[PDB]
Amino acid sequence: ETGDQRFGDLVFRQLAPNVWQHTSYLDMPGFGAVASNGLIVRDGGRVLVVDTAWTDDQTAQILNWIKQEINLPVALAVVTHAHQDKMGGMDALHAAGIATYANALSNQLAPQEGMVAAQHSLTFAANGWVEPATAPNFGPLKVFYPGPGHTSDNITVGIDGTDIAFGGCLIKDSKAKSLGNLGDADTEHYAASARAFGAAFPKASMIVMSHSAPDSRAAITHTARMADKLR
């Protein structure tokens, strides 16, 4: 995939001058190697991370890659729900003294989901927007809770100053034939939540997501239409 950089067993792709996608892989029984994507954002003299890799050792390699390619300190990480692809590498962040943030519900669920909770909890208004007091110095990361979907706690992140919005595991690409792992999903509200993400980030033309390469806005509508079939 031209423009991908391999760094150990992780892949990094630059999406914009100050934004990269990090990709890590799990061997899955019945699936083979499964990719999970998150984001790295350079914001002045600091770096902000969205989502861990699947494991601590892989997440440590994200930090090493950041040191080598960007060489600015990581100020914080946001993790977008309590599943292993997103929070499996929390100990690597905490070992490195990085402040971590998740939906309060993600932190509340983390023990039952076998995840380490983030240090800090985000809360949200009734319209889905993060309460700013709970997202200190998030810079360009604009966090939106679109409602229950892939999980009840899934959050999304727009990257202000860019055309990029991150749908996490709520959004699948427009070529998807399924909505992936629905084990913890809210099948009643998933469609409205997918639609709410699209309405929250109207400027976004590149939709990044956990288990698909970046796609256009059609990923959002296609996802919402697949979810409509669950109701």
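We number the residues from 1 along the sequence you see.
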*Hey, which bit's got the bigger mean C-alpha B factor in the entry, 54-62 or 23-31?*
23-31
*Would you mind finding, among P146, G158, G139, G89, the residue with the largest C-alpha temperature factor in the entry?*
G139
*Would you mind checking where the Cα B-factor of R217 ranks among the modelled residues of its chain, as the lowest, middle or highest third?*
lowest
*Consider only the C-alpha atoms of the modelled residues in this chain, order them by B-factor as the entry records it, and name the third containing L179: lowest, middle or highest.*
highest
*Ranked against its chain, the third holding the CA B-factor of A133*: middle
_Using only modelled residues of the chain, where does the Cα B factor of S36 rank: lowest third, middle third or highest third?_
middle
*Taking the entry's C-alpha B-factors for this chain, is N127 in the lowest, middle or highest third?*
highest
